[PDB]
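Below you'll find the structure, written out as structure tokens, and then a few comments.
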Amino acid sequence: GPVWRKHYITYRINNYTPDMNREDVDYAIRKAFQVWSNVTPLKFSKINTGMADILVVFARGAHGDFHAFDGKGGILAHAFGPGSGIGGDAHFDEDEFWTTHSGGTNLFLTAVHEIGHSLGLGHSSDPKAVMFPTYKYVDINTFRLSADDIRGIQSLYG
Ligand SMILES: CCCCCC[C@H](CC(=O)O)C(=O)c1ccc(C#Cc2ccc(Cl)cc2)cc1
Ligand SMILES: [Ca+2]
Ligand SMILES: [Ca+2]
Ligand SMILES: [Ca+2]
Ligand SMILES: [Zn+2]
Ligand SMILES: [Zn+2]
């Protein structure tokens with residue numbers, strides 16, 4: 001049907017992963033959402049029934065990701081552009097070992113990046129902006145966002 005929205009976005013979480021703790025995914029995804037929403041004119045909303053805009057699914061390198069990247073570290077996940085259905089969703093290398101709160105890779109870091117890809121604009125290309133390709137494990141404790149960066153996205157279409 002006729003799709004043309006620019007404020008209210010939908011979201012859906014996969015089966016809470018097989019390993020990754022569900023409560024952990026909700027907390028990490030919740031915090032990232034507030035950071036992306038509180039810095040954006042477009043509010044977001046998760047559900048668990050009807051179709052949604054940003055869909056988060058856990059899979060191992062196979063369906064793409066450049067002939068299946070890794071499954072034990074390296075990258076964490078990726079997301080596509082707009083569109084419908086599949087478009088706007090992301091895939092996290094579930095095969096690997098994810099660590100909630102601490103122990104390695106946090107869901108928050110991937111949640112913020114994955115989310116920004118769906119809504120957030122282009123990247124910065126610079127070892128500092130929460131979007132750049134270069135991966136660097138960093139507990140959310142230091143996950144800080146430049147005022148100019150967040151202010152630019154909110155000031156653009158907001
Ligand atoms: C050109 C292909 C890019 C692949 C790079 C790996 C992939 C990119 C993506 O998420 O889309 C990935 O899984 C990934 C890459 C970077 C990060 C990060 C980060 C980060 C580091 C430090 C700070 Cl302060 C903030 C964020 C996460 C996942
Ligand atoms: Ca990985
Ligand atoms: Ca989608
Ligand atoms: Ca896993
Ligand atoms: Zn993928
Ligand atoms: Zn990116």
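Residue numbers start at 1 in each chain; chains themselves are named A, B, ... in the order of the structure tokens; ligands are numbered from 1 in the order shown.
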key: All alpha helix (DSSP H) residues (DSSP, backbone) inside range 92-128 of chain A, as an MDAnalysis selection string   = chainID A and resid 107:118
Please, could you write that set of residues out with N, CA, C and O atoms as a compact mmCIF listing (two decimals), in the first residue's frame?
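As a result, result.txt now contains:
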# COMPACT_ATOMS: atom_id res chain seq x y z
N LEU A 107 25.72 -5.33 23.13
CA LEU A 107 24.62 -5.30 22.16
C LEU A 107 24.34 -3.83 21.89
O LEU A 107 23.87 -3.42 20.83
N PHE A 108 24.60 -2.98 22.94
CA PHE A 108 24.34 -1.55 22.86
C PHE A 108 25.10 -0.92 21.70
O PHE A 108 24.53 -0.20 20.88
N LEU A 109 26.40 -1.21 21.62
CA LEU A 109 27.24 -0.68 20.55
C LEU A 109 26.67 -1.04 19.19
O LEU A 109 26.50 -0.17 18.33
N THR A 110 26.38 -2.32 18.99
CA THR A 110 25.83 -2.79 17.72
C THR A 110 24.42 -2.25 17.50
O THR A 110 24.03 -1.95 16.37
N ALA A 111 23.66 -2.13 18.58
CA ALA A 111 22.30 -1.62 18.51
C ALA A 111 22.28 -0.18 18.00
O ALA A 111 21.46 0.17 17.15
N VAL A 112 23.18 0.64 18.52
CA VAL A 112 23.26 2.04 18.12
C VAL A 112 23.67 2.17 16.65
O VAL A 112 23.05 2.91 15.89
N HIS A 113 24.71 1.44 16.27
CA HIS A 113 25.21 1.47 14.90
C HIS A 113 24.16 0.91 13.93
O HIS A 113 23.84 1.53 12.92
N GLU A 114 23.64 -0.27 14.26
CA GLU A 114 22.63 -0.91 13.42
C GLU A 114 21.41 -0.01 13.24
O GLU A 114 20.87 0.10 12.14
N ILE A 115 20.99 0.62 14.33
CA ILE A 115 19.84 1.51 14.30
C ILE A 115 20.12 2.75 13.45
O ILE A 115 19.31 3.14 12.61
N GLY A 116 21.28 3.36 13.67
CA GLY A 116 21.65 4.54 12.92
C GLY A 116 21.64 4.31 11.42
O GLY A 116 21.32 5.21 10.65
N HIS A 117 21.99 3.09 11.01
CA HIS A 117 22.01 2.74 9.60
C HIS A 117 20.61 2.80 9.00
O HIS A 117 20.43 3.24 7.86
N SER A 118 19.62 2.35 9.77
CA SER A 118 18.24 2.35 9.30
C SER A 118 17.68 3.77 9.25
O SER A 118 17.07 4.17 8.26
What residues have any atom no more than 8 Å from ligand 2 when counting only C-alpha atoms and all ligand atoms, and can you list them as a PDB file with C-alpha atoms, in the first residue's frame?
ATOM      1  CA  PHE A  69      32.326 -12.388   7.056  1.00  0.00           C
ATOM      2  CA  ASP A  70      33.185 -13.921  10.503  1.00  0.00           C
ATOM      3  CA  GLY A  71      31.387 -15.831  13.246  1.00  0.00           C
ATOM      4  CA  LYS A  72      33.722 -15.448  16.309  1.00  0.00           C
ATOM      5  CA  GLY A  73      34.569 -11.740  16.534  1.00  0.00           C
ATOM      6  CA  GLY A  74      35.392  -9.009  13.997  1.00  0.00           C
ATOM      7  CA  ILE A  75      32.217  -7.350  12.697  1.00  0.00           C
ATOM      8  CA  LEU A  76      29.058  -7.449  14.821  1.00  0.00           C
ATOM      9  CA  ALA A  77      26.169  -6.854  12.388  1.00  0.00           C
ATOM     10  CA  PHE A  92      24.081  -9.796  13.673  1.00  0.00           C
ATOM     11  CA  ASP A  93      26.732 -12.519  13.547  1.00  0.00           C
ATOM     12  CA  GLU A  94      24.979 -14.592  16.159  1.00  0.00           C
ATOM     13  CA  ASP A  95      27.436 -17.531  15.606  1.00  0.00           C
ATOM     14  CA  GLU A  96      30.051 -15.474  17.490  1.00  0.00           C
ATOM     15  CA  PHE A  97      30.080 -15.043  21.277  1.00  0.00           C
TER      16      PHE A  97
END
request  = Can you work out the spacing between CA of residue 88 in chain A and CA of residue 124 in chain A in Å, to one decimal?
outcome  =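 These atoms are spaced 20.1 Å apart.
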Once you count only C-alpha atoms, what closest atom pair and distance in Å to one decimal does each residue of range 73-155 of chain A within 10 Å of range 44-54 of chain A have, with rows by chain and rising residue number, as JSON lines?
{"residue": "A:79", "atom": "CA", "partner": "A:54", "partner_atom": "CA", "distance": 8.9}
{"residue": "A:80", "atom": "CA", "partner": "A:54", "partner_atom": "CA", "distance": 9.5}
{"residue": "A:81", "atom": "CA", "partner": "A:54", "partner_atom": "CA", "distance": 9.8}
{"residue": "A:82", "atom": "CA", "partner": "A:53", "partner_atom": "CA", "distance": 8.3}
{"residue": "A:83", "atom": "CA", "partner": "A:53", "partner_atom": "CA", "distance": 8.9}
{"residue": "A:84", "atom": "CA", "partner": "A:53", "partner_atom": "CA", "distance": 7.3}
{"residue": "A:85", "atom": "CA", "partner": "A:51", "partner_atom": "CA", "distance": 7.5}
{"residue": "A:86", "atom": "CA", "partner": "A:54", "partner_atom": "CA", "distance": 8.9}
{"residue": "A:87", "atom": "CA", "partner": "A:53", "partner_atom": "CA", "distance": 8.0}
{"residue": "A:88", "atom": "CA", "partner": "A:54", "partner_atom": "CA", "distance": 5.1}
{"residue": "A:89", "atom": "CA", "partner": "A:54", "partner_atom": "CA", "distance": 5.2}
{"residue": "A:90", "atom": "CA", "partner": "A:54", "partner_atom": "CA", "distance": 7.8}
{"residue": "A:114", "atom": "CA", "partner": "A:54", "partner_atom": "CA", "distance": 9.3}
{"residue": "A:115", "atom": "CA", "partner": "A:54", "partner_atom": "CA", "distance": 7.5}
{"residue": "A:117", "atom": "CA", "partner": "A:54", "partner_atom": "CA", "distance": 9.6}
{"residue": "A:118", "atom": "CA", "partner": "A:54", "partner_atom": "CA", "distance": 6.5}
{"residue": "A:119", "atom": "CA", "partner": "A:54", "partner_atom": "CA", "distance": 8.4}
query = Within 6 Å of ligand 6, counting only C-alpha atoms and all ligand atoms, which protein or nucleic acid residues do you find, written as a PyMOL selection string?
reply = chain A and resi 131-133
